[PDB]
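Participant: Quick one: the structure is below, questions incoming.
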RNA sequence: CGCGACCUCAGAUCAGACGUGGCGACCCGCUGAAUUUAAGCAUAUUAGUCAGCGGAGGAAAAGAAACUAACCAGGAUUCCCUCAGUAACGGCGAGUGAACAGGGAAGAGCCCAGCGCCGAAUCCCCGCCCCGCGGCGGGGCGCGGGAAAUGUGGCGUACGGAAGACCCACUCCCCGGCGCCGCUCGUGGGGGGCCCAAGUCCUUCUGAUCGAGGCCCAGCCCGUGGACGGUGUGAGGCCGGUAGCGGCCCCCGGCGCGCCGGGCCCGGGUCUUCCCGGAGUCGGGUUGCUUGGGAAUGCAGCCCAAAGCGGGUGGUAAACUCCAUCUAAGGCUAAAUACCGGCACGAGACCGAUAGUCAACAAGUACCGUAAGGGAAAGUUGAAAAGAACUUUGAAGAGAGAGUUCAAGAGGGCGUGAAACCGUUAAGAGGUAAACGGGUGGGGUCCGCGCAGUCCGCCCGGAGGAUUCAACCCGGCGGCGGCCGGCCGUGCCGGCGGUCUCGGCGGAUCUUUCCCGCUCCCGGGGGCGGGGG
RNA sequence: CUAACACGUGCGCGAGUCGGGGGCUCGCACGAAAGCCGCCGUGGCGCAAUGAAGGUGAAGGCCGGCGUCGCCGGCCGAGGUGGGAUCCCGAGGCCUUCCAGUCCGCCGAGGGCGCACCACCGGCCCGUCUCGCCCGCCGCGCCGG
RNA sequence: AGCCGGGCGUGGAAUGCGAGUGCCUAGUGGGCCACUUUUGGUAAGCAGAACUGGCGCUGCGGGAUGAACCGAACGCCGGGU
RNA sequence: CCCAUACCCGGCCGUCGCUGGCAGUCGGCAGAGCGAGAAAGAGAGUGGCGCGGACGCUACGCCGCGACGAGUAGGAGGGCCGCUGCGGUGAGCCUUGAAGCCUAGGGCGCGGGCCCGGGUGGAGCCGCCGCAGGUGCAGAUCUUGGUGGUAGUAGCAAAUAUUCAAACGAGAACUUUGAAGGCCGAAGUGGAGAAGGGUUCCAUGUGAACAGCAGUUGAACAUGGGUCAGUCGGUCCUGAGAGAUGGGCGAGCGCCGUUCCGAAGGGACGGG
RNA sequence: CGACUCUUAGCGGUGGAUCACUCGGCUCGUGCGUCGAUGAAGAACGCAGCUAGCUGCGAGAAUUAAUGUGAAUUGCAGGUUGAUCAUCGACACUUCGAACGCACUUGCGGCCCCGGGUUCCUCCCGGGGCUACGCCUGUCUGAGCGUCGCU
Ligand SMILES: [Mg+2]
Ligand SMILES: [Mg+2]
Ligand SMILES: [Mg+2]
Ligand SMILES: [Mg+2]
Ligand SMILES: [Mg+2]
Ligand SMILES: [Mg+2]
Ligand SMILES: [Mg+2]
Ligand SMILES: [Mg+2]
Ligand SMILES: [Mg+2]
Ligand SMILES: [Mg+2]
Ligand SMILES: [Mg+2]
Ligand SMILES: [Mg+2]
Ligand SMILES: [Mg+2]
Ligand SMILES: [Mg+2]
Ligand SMILES: [Mg+2]
Ligand SMILES: [Mg+2]
Ligand SMILES: [Mg+2]
Ligand SMILES: [Mg+2]
Ligand SMILES: [Mg+2]
Ligand SMILES: [Mg+2]
Ligand SMILES: [Mg+2]
Ligand SMILES: [Mg+2]
Ligand SMILES: [Mg+2]
Ligand SMILES: [Mg+2]
Ligand SMILES: [Mg+2]
Ligand SMILES: [Mg+2]
Ligand SMILES: [Mg+2]
Ligand SMILES: [Mg+2]
Ligand SMILES: [Mg+2]
Ligand SMILES: [Mg+2]
Ligand SMILES: [Mg+2]
Ligand SMILES: [Mg+2]
Ligand SMILES: [Mg+2]
Ligand SMILES: [Mg+2]
Ligand SMILES: [Mg+2]
Ligand SMILES: [Mg+2]
Ligand SMILES: [Mg+2]
Ligand SMILES: [Mg+2]
Ligand SMILES: [Mg+2]
Ligand SMILES: [Mg+2]
Ligand SMILES: [Mg+2]
Ligand SMILES: [Mg+2]
Ligand SMILES: [Mg+2]
Ligand SMILES: [Mg+2]
Ligand SMILES: [Mg+2]
Ligand SMILES: [Mg+2]
Ligand SMILES: [Mg+2]
Ligand SMILES: [Mg+2]
Ligand SMILES: [Mg+2]
Ligand SMILES: [Mg+2]
Ligand SMILES: [Mg+2]
Ligand SMILES: [Mg+2]
Ligand SMILES: [Mg+2]
Ligand SMILES: [Mg+2]
Ligand SMILES: [Mg+2]
Ligand SMILES: [Mg+2]
Ligand SMILES: [Mg+2]
């Protein structure tokens, strides 16, 4: 149960903050879990999604064992687009269907210097937390 | 409500004539809200009848002796299996409902230890019942931070906090109370008496110092003693079925005499 | 209009009383704030008494209460002088001092002199310089047992 | 006449500064009604309130007695409880209405003028040199300028003070710069940034699962984390978070330590001698307002107008007489207290789009009035636009097919879709407007999932089939009762009773055997406070 | 809705009762709750009334000591009449083979003790009026009782 | 006149019926009609009184109709009168 | 002979009274009563096989006898009548379908109301013990919103007047062109300005809405364009007047006053 | 029979009730408690590739710098030595407005210094800096048959 008096548990306040968070909070919010192999390798559970990571779709009409590369991340709509998930409209042109990152798992990451810095920081903090828990 | 809600406008009644209902009306202007009826409880918009005021008598005071009497009654009723079961608590496996454990549990630090202790004492069925009872509240209370409701679980009375509160904090339905600071609001949830309670050895020892015996006053309180019994032998079955009262009775007329 | 039988009443609600209403919904918050300030000051003055300076014995000035004994505003100059305390040093070493009070009698004066002498015997005075002590000072060994005391110093008893 | 001082008064786009206006919830100073009540109404009341004017701060104002009291006396201001709806005022009608004492929150005291003493010992500004300078300061040098004797600074203020002599003590305090170490209330001050546990496990519903069942014997995994929010319904374990005296980084502060420079030479007691106070002010008369203040509580105008063992107060006017208590007409001062404005937050037994702010939305917006000003209506497709390609009739609006969707029985003011009212279909009826109550009859839509009519014991008879009854033995369990022990008593009696004390708690019971401390008395006698018995 | 008052009802305590203001509880999910104070009952209401005020301020009944007792002791104790729910007593009376003879329980003339309450008669306290005598002393009086 | 104590029950007309007592209290304070009695008035469905009963507050059978007349007052029904 | 809600008999509901009865369900450990005209003991004592027996009793419950039942203003009681939220509780319900809404379906209750079936709907809801209230509508010339009959009705009648042909176009009484007949009649139905309007001006396009018929048209809508100054005006002067300083008044924002209680010229030929 | 009218039901309109949702209110509490001549509050006008409103901003005009963060913004186009967001200490900040040269038409000036004409010799054009009231301390220049002193 929350005991900090300076953080709110009000439903309307939380929803307002969620729906008007700025883009650099949207990046934090749209994070998705790593695969089992990546989790065991990096000792990290979740990672904010980037432009060209690939994904397994876990829930929804498009769940399956297809590795799909993300094409772009629409933070305004809280959505990512995957190069394989898509549907054709009336005229026949094909448009991407939005998938929320929370229903998404990374197969392997795009290892940029900032990405590996973030991974090492997360792993170090988790390991020191576990060592304190010892 | 706001002290000036409904009175923000400036309106006068058109008065006799004009074939209108003789009520204040928004004056002038080329707007829908013009000549519409401003004040009064019967008008759209406008003031409520008898606006609620912040200086309502929200709080009440109860006599200290009455509070202590209620606490004593709740404590006494918590020791009767019939009342505790009728409160809904599942205690059919509990070895002894005035449940007392040693002071070693007062130093528990992890939730797993508390869960194991509950399983050993066979009170885990009440926690399972609470888990099953966890549901969604009905009505407009959902949009007012009262989204989720659940059943009350057992109470745990301790004497010193040595991680006891942290250990049992996360288990749903468990209510922790210090033995020196009991409150009726948690001892008798609902106004109904007979909540299931689990005592520690130190708290059980301190009980009779807190509230005194029949022949000894309470040491920790200034001058308090247990409330006197109005009737001692409350076994009505005996009081009827005893020879000395049955002797002084007339024969029971039990033949019906219909019209 | 009067009913059958009852009391004549004079309610004082003929003014705009609803505009000047003092609700007490901030009473618990006020108590919490006063407490916090109290403990903050008690921590601020580290070994000094939390209540404050000692005060004197006085008699309530009325036929209704002249049998009772209060805590006064401060010791007067006659009492300080006959107890051998300077009026300026008393305030800085913890004795409340006022110059308004007279002394018509001798019993009260002697009682307050006894109080001041007891206070001198009881207080522990820290070095003006922590390294080198001075003549009018307390030795080092009893400094280790200097602690704040709660409530008024030497409380008044009837 | 001229030249030179001083006085008084001008002029500047002279050098350098300062004020204006706004907000105004809370505060201070003025001015200040009438609705209303009195069942009329003029005094009263509303009310020193609304409106009007001025001036601030983070609080303001008040404030260290020209006080309260009459007691065995208290002792600045402010705030709460009580005094108390009381003393009192009032066409003594309606109504109005304090204060002292007492308990608390907080608690802090001080400074001038005068009287005097010190060679004006004082202050501001310009130039140069040295320090750091984003709150313009410190040191030095200037035969630099000015203020000021029509009075600056040190000592000093009613609690007395000063000077001299004699005894006693007899020095580290503050400031301007520089560096250092550690600490910082509940948690180590504050602020910011980045991170930290556990199922998308196996089946099964669904359009979509966060649903349902299971996960052994570690009763899936975490839990100091089962608040909340998001995600295609309903999630402790998907994600953000949540808990944690959890982690890392950056910045600012406060407290201590050290160094340099600068100022400072300071106190207490006794004796002797001196000195000591605020004027068109107090006070009196009158007038007007105000107050509970009543032969005048407070304020103000006018007239009169002081004294120094004096003056003020002592709640009924006056004279005489003793007592009590302060020292007016100069000044500063935090805390407790107030806060419908502002910034940033937390919460709710509140409202849920005719409600709640007027305003959930391009709302003080559209719009009205010359202007002062007045002032709305208006939320909802869908999980995702997947927002209907294409064919066909029409000039087109608009349709029929086709298609998306779980659903178009959600088609762009699209969730649900009521009533009033209307169109059409079906049934029935119809010349005393219609409608209605009671009683039947007739016809209908649906229902009984009606249409050979209930079941239940105990027997009698017949056809069957079982590992089969009663009685015994073994073991266990329970109920009831009478011998051995044990526990409790809102019962009694006793003991040489009790860890050292030979238990604790209390007592308006005692204590020349008690003891200690304090005061009085010439080591001694008596009283008081505490401890002991 | 708030405040005041009256009465009726329910609960706690009871000649008392009540922490509402404040404080102590590691402040803080609930909790702005709850607990505690007792040398924090100041204070309010109640326990005493009456008078404008100075003020005063709530029983007495029997025997021995000087009835034509001055006046000390021994006592006994907060009235009396009527009506009074209940309780006590109890003449008599409640069965069966008879007879002697009990136990226990129920009945019941009359007679007791009489709750609350009502009515009436007395008594006591304060103001006021009339009559009349006596007593006390630190100050013997425009004194006090 | 008041006190005490004592003795007398055939409960001293008929009929009927439990009674006494205490708080708190709403609405009302425009009335109207009829037999009889009665004042003013030429008189009135006028104005004003006394007694009783009604209407108002009340439906039902009758007076064809009807606030007051005659009968009778009321829970939902069957039979009889 | 006929009939009222009157009277008599019977059934049922309720109220009131009896301050009525029942703890006695006393069972192989037992013995089944306290209805019977007569105040009170089925009194206790001592001497001459088959193992068996319905319901009950939420005592705030159940049962039995009688009498009675009008009602405005008004008073009281009970509501397992209803609405919203809170503390408890139902191992409650619910995407295998909640709320809400509709119904010629089946029922319950005297009633307030409620329970099922069917349909629509798509995400929450209710029972019981308590607590709280902004808690129940037929009216108030009630407020807001919506919709009728009237009614395809009143009406589209002030200022003489239109007709022929062609073009465009789906579409012509109303547009455009040509022809004819008319009116305004120079104090105009003409040509230009001021005030006011503010893009209405011009070209192209459209025909959803508006132009109270219609439109191929418009001052409508949609795209674009358009206002050129030494000499035309403003700009300068002063008029009636308005308004600072000095001064005066004023609690005060300020007001009076305009030469009046003012050291009111910052200019110049020339000379040094 | 048919029309018309009435009733009930099905369906379809009309309308927008009910129910369920809620980035909004209301109320209570907490900490802080800060505007302006170095130009405030308020108003006006402008600023986007496509932009009317709302919002943001000021000729550096839906924003510059710096720091943190670390790959987007998005309706369509275009193009890691750091995109976008956030923070915000550097810089900038049009016209009115206490509003300040005089007035309110944006009209008319004055003084000083620069750049064009000149080649300062004056005009003219452009640019920059000053030019409000009251008041304080000081400076300078003064006035007075005001009080005096030497000639
Ligand atoms: Mg945290
Ligand atoms: Mg409103
Ligand atoms: Mg609902
Ligand atoms: Mg009345
Ligand atoms: Mg009136
Ligand atoms: Mg009048
Ligand atoms: Mg008046
Ligand atoms: Mg007044
Ligand atoms: Mg005002
Ligand atoms: Mg100002
Ligand atoms: Mg300020
Ligand atoms: Mg101040
Ligand atoms: Mg003083
Ligand atoms: Mg005082
Ligand atoms: Mg009182
Ligand atoms: Mg009078
Ligand atoms: Mg007054
Ligand atoms: Mg006081
Ligand atoms: Mg204190
Ligand atoms: Mg001096
Ligand atoms: Mg599951
Ligand atoms: Mg996580
Ligand atoms: Mg007055
Ligand atoms: Mg007097
Ligand atoms: Mg003075
Ligand atoms: Mg003073
Ligand atoms: Mg002051
Ligand atoms: Mg809270
Ligand atoms: Mg709605
Ligand atoms: Mg809608
Ligand atoms: Mg659907
Ligand atoms: Mg719809
Ligand atoms: Mg038909
Ligand atoms: Mg009354
Ligand atoms: Mg008459
Ligand atoms: Mg009647
Ligand atoms: Mg009748
Ligand atoms: Mg007739
Ligand atoms: Mg009949
Ligand atoms: Mg009958
Ligand atoms: Mg009735
Ligand atoms: Mg219907
Ligand atoms: Mg939905
Ligand atoms: Mg409500
Ligand atoms: Mg209605
Ligand atoms: Mg027509
Ligand atoms: Mg013309
Ligand atoms: Mg023209
Ligand atoms: Mg045109
Ligand atoms: Mg038209
Ligand atoms: Mg030209
Ligand atoms: Mg003027
Ligand atoms: Mg129809
Ligand atoms: Mg723009
Ligand atoms: Mg930048
Ligand atoms: Mg950057
Ligand atoms: Mg002009």
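Going by Swiss-Prot, the residues shown for chain C are 2-159, listed in order.
Note: Cβ is positioned from N, Cα and C throughout, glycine not excepted.
What Swiss-Prot lists as SUMO2 cross-link is C:123, C:145, and the listing cites similarity to another entry. Residues or ranges marked as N6-acetyllysine in Swiss-Prot (evidence: similarity to another entry): C:16. Taken from Swiss-Prot, the feature phosphoserine applies to C:77, C:106.
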Participant: With the cut-off set at 10 Å between Cβ atoms, which of these modified residues ends up with the most neighbours? Options: C:77, C:106.
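Facilitator: Of the modified residues C:77, C:106, the most buried by Cβ count within 10 Å is C:77.
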Participant: At a 10 Å cut-off from the C-beta of residue C:145 (SUMO2 cross-link), count the other C-beta atoms across all protein chains.
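Facilitator: Taking every protein chain into account, the count is 6.
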Participant: Taking the Cβ of residue C:123 (SUMO2 cross-link) as the centre, how many other Cβ atoms fall within a 10 Å radius?
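Facilitator: Result for residue C:123 (SUMO2 cross-link): 10 other Cβ atoms within 10 Å.
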Participant: Rounded to a whole number, how many Å is the Cα of residue C:77 (phosphoserine) away from the Cα of residue C:16 (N6-acetyllysine)?
Facilitator: 48
Participant: Residue C:145 (SUMO2 cross-link): which of the recorded positions C:16, C:106, C:123 is the nearest Cα neighbour?
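Facilitator: Nearest by Cα distance to residue C:145 (SUMO2 cross-link): C:123.
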Participant: Near residue C:16 (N6-acetyllysine), which residues of its own chain have a C-beta under 8 A away, given they sit six or more steps off in sequence?
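Facilitator: Non-local contacts for residue C:16 (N6-acetyllysine): none found.
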Participant: Provide, as an integer number of angstrom, the distance between the C-alpha atoms of residue C:123 (SUMO2 cross-link) and residue C:106 (phosphoserine).
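Facilitator: Just about 27 Å between their Cα atoms.
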